[PDB]
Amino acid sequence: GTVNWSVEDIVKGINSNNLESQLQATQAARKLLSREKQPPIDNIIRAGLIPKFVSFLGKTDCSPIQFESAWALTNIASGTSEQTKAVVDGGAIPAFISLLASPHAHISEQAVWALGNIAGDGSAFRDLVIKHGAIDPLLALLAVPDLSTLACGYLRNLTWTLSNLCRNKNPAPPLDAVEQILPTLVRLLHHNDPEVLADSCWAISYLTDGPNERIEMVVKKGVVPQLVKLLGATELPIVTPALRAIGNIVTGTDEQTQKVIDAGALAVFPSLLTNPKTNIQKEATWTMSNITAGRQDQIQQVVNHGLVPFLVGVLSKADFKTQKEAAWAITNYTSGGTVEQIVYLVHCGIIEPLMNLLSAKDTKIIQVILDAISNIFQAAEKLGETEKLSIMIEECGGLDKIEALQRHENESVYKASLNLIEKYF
């Protein structure tokens, strides 16, 4: 019927002045474009079929040709930036926004999907989709008392499209657009579907990545308890964006960081810092470094949740990227922590795994470790226990490692290493 057609056959059928012949050639195009291996996107573009598909989107008296062009165009917009640009250049943005008002759920849905692919390309197409007024009709589709009345697949597509309108950074989405989307997005973050939750979390992770004003916008909507609750999910596709969003929030103000702690996020970190997935471990340790960079009372809540032995362990054995975040977490801890807090760190066995990381061929981690050691020696100076820590560093072969760093390429490494040896050894 409409299977294994050539581009020239589709061109013949679409160039006819027969709607049904156009409908069959459009179905044949969609099928060609749906295929898994090397669909001929560029061939369909070069043939000049995109304006033809876009014009078929307006054919209200033929709902199947609306669906088929919509699907065809969606798959062209899912390709490269030049391929998404072609769909936009064909004038498909206003055409797809009008389609959101279709009385046919499958056409309405295809429009939502295509707008998601266009917005997902980057900031410029994201903002162009917003300028053409996509947000109002998309949010009107979710204006129901209970989200559970909408079809699963339909709700998943809307949430994913909305997350792409929250995505990309130079620039970030317009503040007005973010403010209009946020109430629906919070409502989706409480919906009982795992894919809806994951995509809702991604959207929140995108909105919290940037200035503190943007973190504040999100935090004021009271999403932090829900993000902590999702941070404990058994589904990795939910934990990954949840931890991202929590990670972002703690890059902001101490007050914003505190909201995360108050919601009980640190209770989840014993598992997070031992998670089998490297990215979760790395992101959890990074989230930890920005918490230890906080107030002394925040460092105290880390101690209280027994998280210092968990940092000792990641420092001892983890992926080098996670171990790099762990060094940062210790340097931040020792920078703003009390003498009692720093003494507790040495007692938990921080010196040995900290010294073993001085063998690394990364200058930045060496710099971070040497600053942490300096901060630990300052706490030892205040108690008159400098010799105790000096022998402690000599016993685990720490001193030798600093001895070799005196003859290093980096100046900041060369200075700090030579300074510790003349001041304490």
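Note that residue numbering begins at 1 and tracks the sequence as displayed.
Look at the C-alpha B-factors of 131-139 and of 338-346. On average they run higher in 338-346.
Taking the mean C-alpha B-factor of each stretch as recorded, 328-336 and 166-174 are not equal, and the higher mean is that of 328-336. In the deposited entry, the Cα temperature factor of residue 382 places it in the highest third of its chain's modelled residues. Residue 417: CA B factor in the highest third of modelled residues in this chain (values from the PDB entry). When the modelled residues of the chain are ordered by C-alpha B-factor, residue 405 sits in the highest third. Residue-level temperature factors show residue 15 in the highest third of its chain, judged at the C-alpha atom. The entry lists a Cα temperature factor for residue 351 that places it in the highest third of the chain's modelled residues.
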